[PDB]
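Taking the form deposited in one PDB entry, here's one chain by itself in C-alpha cells.
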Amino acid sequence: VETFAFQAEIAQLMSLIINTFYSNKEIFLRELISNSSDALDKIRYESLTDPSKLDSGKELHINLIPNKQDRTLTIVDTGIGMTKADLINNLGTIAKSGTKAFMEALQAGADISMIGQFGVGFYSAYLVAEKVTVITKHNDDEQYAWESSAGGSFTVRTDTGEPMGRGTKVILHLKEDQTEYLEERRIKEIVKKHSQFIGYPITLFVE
C-alpha cells in the first residue's frame, strides 16, 4: 500500500467540492460516464489499427451498479484503463492547470456543474461520496486500486481482487444523505437527462 499526498491545488479542488453549498449534485454521474465514454473511445481508436488491443475484452460498454446494502454506486467501463503512472498523475488528467482554470471560472460567475469543461470532472464524485475507490486495468500494466476519502491523501495498491480484463471501475461509497443515487428511477432520470448521446450501452443493473 503506497500513500501519496495530492498536489495542493488538487486538495483545494476537493475541499471546494466537499464544502461549497451546491444542490445540483446529480452532475457527478454525467461526469463519470463522460470519462468512461472518453476511455472507450481511446481503446476503440487503438483497435482500428491493432485488433489485438481488444484481446482483453471485445465488448465496449458502461455498467451502472447500485448496491443499497454496501451503500455504493459502482460505474464499470471496458475502456483503455489506466496505468499506475496514470492513477498517480491525477487519474489521467492535467488537474493542476484544470483546477486553476476552474477556480477562475467560479470567481467570475461559473458554477460546479461546469467542472467537466476544465477536464477535472472525476473530482465531482466527492459531491456524493465520502470515499472513492478506482480499480483500473490497462493493457500495458497490472490491475491497481486507487483510493481516497480526500483529506489530502490517496493510496495505490496492486489489486488482488476480481480481475477486470481491461477498463475502469469507480466505486462510490456514498454519503448517508445521498442514497437517492442508488434508487433505479433516480439514476434512470439522470442518465436520460445528461447522458443521452453516449455512444456505448449503459446498463443499469437492478438489485
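Residues that one form lacks are left out of the comparison. Residue numbers run from 1 along the displayed sequence. In this text, rigid core is short for the largest set of C-alphas that superpose within 1.5 Å between two forms.
**Q.** Greater mean Cα temperature factor according to the PDB record, 92 to 100 or 75 to 83
**A.** 92 to 100 has the higher mean C-alpha B-factor.
(Q) Mean Cα B factor from the PDB record: higher for 132 to 140, or higher for 106 to 114? (A) Between 106 to 114 and 132 to 140, it is 106 to 114 that shows the higher mean C-alpha B-factor.
Q | Options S153, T49, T179, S34 - largest CA temperature factor per the record | A | Answer for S153, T49, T179, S34: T49, with the highest C-alpha B-factor.
Q. Looking at the C-alpha B-factor of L60, is it in the lowest, middle or highest third of its chain?
A. According to the entry, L60 has a C-alpha B-factor in the chain's middle third.
Q) What third of the chain, by the recorded C-alpha B-factor, contains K188? A) For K188, whose C-alpha B-factor we compare with every modelled residue in the chain, the answer is the lowest third.
Q) What third of the chain, by the recorded C-alpha B-factor, contains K175? A) Its C-alpha B-factor, which the entry lists for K175, ranks in the highest third among residues of this chain.
Q.
How does the C-alpha B factor of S148 compare with the rest of the chain: lowest, middle or highest third?
A. Lowest third.
Q: Would you please rank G167 by its C-alpha temperature factor against the other modelled residues of its chain and give the third it falls in: lowest, middle or highest?
A: As the PDB entry reports it, the C-alpha B-factor of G167 lands in the lowest third of its chain.
Beyond what is shown, the protein has a form deposited in another entry; the following relates to that form.
Q.
Which residue of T133, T93, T83, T72 is the mover here, meaning its C-alpha shifts by 2 Å or more between this form and the one not shown once both are aligned on the rigid core?
A. Comparing both forms, the shifted residue turns out to be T93.
Q) Honestly, after the rigid core fit, is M114 moving at least 2 Å at Cα between this form and the one not shown? A) No.
Q.
If the C-alpha spacing of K42 and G92 moves by 3 Å or more in the other entry, is that a move closer or farther apart?
A. Farther, not closer.
**Q.** in the other entry, shift in Cα separation for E130 relative to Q107, 3 Å or more
**A.** Between the C-alphas of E130 and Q107, the gap narrows in the other entry (3 Å or more compared with this form).
Q | Segments displaced between this form and the one not shown (3 or more residues, each Cα shift of 2 Å or more, core-superposed) | A | Shifted segments: 90 to 96, 103 to 111.
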